[PDB]
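Asks: Below is one structure. I have some questions about it.
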Amino acid sequence: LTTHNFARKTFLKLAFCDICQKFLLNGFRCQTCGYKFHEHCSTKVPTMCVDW
Ligand SMILES: [Zn+2]
Ligand SMILES: [Zn+2]
């Protein structure tokens, strides 16, 4: 992986926050690995980008 990303935007499909446990809503998703998360996930999320 290389560098993460965080842009405020809404998803055009059902998503899910890997930091919390249920679907995800309009939050911040990385447009490189496909990350997504609410406000409880802005401290552990910024440090990863492993996408296959
Ligand atoms: Zn990323
Ligand atoms: Zn979350």
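Residue numbers start at 1 in each chain; chains themselves are named A, B, ... in the order of the structure tokens; ligands are numbered from 1 in the order shown.
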Which residues of chain A come within 6 Å of ligand 2, and what is each one's closest atom pair and distance in Å (one decimal), counting only C-alpha atoms and all ligand atoms, sorted by chain and residue number, as a Markdown table?
Replies:
```
| residue | atom | partner | partner_atom_place_in_ligand_line | distance |
| --- | --- | --- | --- | --- |
| A:17 | CA | ligand 2 | 1 (Zn) | 4.7 |
| A:19 | CA | ligand 2 | 1 (Zn) | 4.7 |
| A:20 | CA | ligand 2 | 1 (Zn) | 4.3 |
| A:37 | CA | ligand 2 | 1 (Zn) | 4.3 |
| A:38 | CA | ligand 2 | 1 (Zn) | 4.1 |
| A:40 | CA | ligand 2 | 1 (Zn) | 5.2 |
| A:41 | CA | ligand 2 | 1 (Zn) | 5.0 |
```
Asks: Would you put the residues from that selection into a file with N, CA and C atoms, as a PDB file, in the first residue's frame?
Replies:
```pdb
ATOM      1  N   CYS A  17     -18.905   0.763   8.303  1.00  0.00           N
ATOM      2  CA  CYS A  17     -17.665   1.252   8.985  1.00  0.00           C
ATOM      3  C   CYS A  17     -16.917   0.098   9.665  1.00  0.00           C
ATOM      4  N   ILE A  19     -14.589   0.309  11.589  1.00  0.00           N
ATOM      5  CA  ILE A  19     -14.164   0.747  12.963  1.00  0.00           C
ATOM      6  C   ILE A  19     -15.317   0.555  13.938  1.00  0.00           C
ATOM      7  N   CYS A  20     -16.518   0.697  13.466  1.00  0.00           N
ATOM      8  CA  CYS A  20     -17.681   0.586  14.365  1.00  0.00           C
ATOM      9  C   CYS A  20     -18.272  -0.824  14.318  1.00  0.00           C
ATOM     10  N   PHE A  37     -15.552   5.738   7.079  1.00  0.00           N
ATOM     11  CA  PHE A  37     -15.746   5.764   8.568  1.00  0.00           C
ATOM     12  C   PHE A  37     -16.440   7.061   9.080  1.00  0.00           C
ATOM     13  N   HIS A  38     -17.113   6.969  10.224  1.00  0.00           N
ATOM     14  CA  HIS A  38     -17.851   8.145  10.825  1.00  0.00           C
ATOM     15  C   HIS A  38     -16.861   9.103  11.575  1.00  0.00           C
ATOM     16  N   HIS A  40     -15.980   8.504  14.952  1.00  0.00           N
ATOM     17  CA  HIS A  40     -15.266   7.652  15.970  1.00  0.00           C
ATOM     18  C   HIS A  40     -14.106   6.921  15.308  1.00  0.00           C
ATOM     19  N   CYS A  41     -13.710   7.334  14.143  1.00  0.00           N
ATOM     20  CA  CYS A  41     -12.716   6.561  13.411  1.00  0.00           C
ATOM     21  C   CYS A  41     -11.769   7.493  12.653  1.00  0.00           C
TER      22      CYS A  41
END
```
Asks: How would you write, as a PyMOL selection string, the set of residues no farther than 8 Å from ligand 1 when counting only C-alpha atoms and all ligand atoms?
Replies: chain A and resi 2-6+29-35+48-51
Asks: Can you spit out the residues from that selection as a PDB file, in the first residue's frame, using C-alpha atoms?
Replies:
```pdb
ATOM      1  CA  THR A   2       1.045   3.680  -0.163  1.00  0.00           C
ATOM      2  CA  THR A   3      -0.572   6.769   1.454  1.00  0.00           C
ATOM      3  CA  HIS A   4      -4.191   6.831   2.722  1.00  0.00           C
ATOM      4  CA  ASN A   5      -6.984   9.306   1.786  1.00  0.00           C
ATOM      5  CA  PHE A   6      -9.910  11.040   3.547  1.00  0.00           C
ATOM      6  CA  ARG A  29     -13.814   7.408   2.683  1.00  0.00           C
ATOM      7  CA  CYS A  30     -10.324   6.856   1.226  1.00  0.00           C
ATOM      8  CA  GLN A  31     -10.520   6.922  -2.598  1.00  0.00           C
ATOM      9  CA  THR A  32      -7.409   4.693  -2.917  1.00  0.00           C
ATOM     10  CA  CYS A  33      -8.146   1.558  -0.859  1.00  0.00           C
ATOM     11  CA  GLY A  34     -11.927   2.065  -0.404  1.00  0.00           C
ATOM     12  CA  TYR A  35     -11.911   3.033   3.283  1.00  0.00           C
ATOM     13  CA  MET A  48      -3.469   2.256   6.594  1.00  0.00           C
ATOM     14  CA  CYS A  49      -4.302   1.639   2.895  1.00  0.00           C
ATOM     15  CA  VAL A  50      -3.927  -2.127   2.265  1.00  0.00           C
ATOM     16  CA  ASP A  51      -6.203  -2.710  -0.762  1.00  0.00           C
TER      17      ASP A  51
END
```
Asks: Closest to residue 22 (chain A) among A:36, A:47, A:8, A:52, using only C-alpha atoms?
Replies: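 Residue with the minimum atom-to-atom distance to residue 22 (chain A): A:36.
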Asks: Fewer than 2 positions away in the same chain doesn't count, so skip those; otherwise give me all residues within 7 Å of residue 10 (chain A), counting only C-alpha atoms, as a VMD selection string.
Replies: chain A and resid 12 25 to 27
Asks: Among chain A, which residues carry a DSSP assignment of strand (DSSP E), reported as an NGL selection string?
Replies: :A and (7-9 or 15-16 or 23-24 or 27-29)
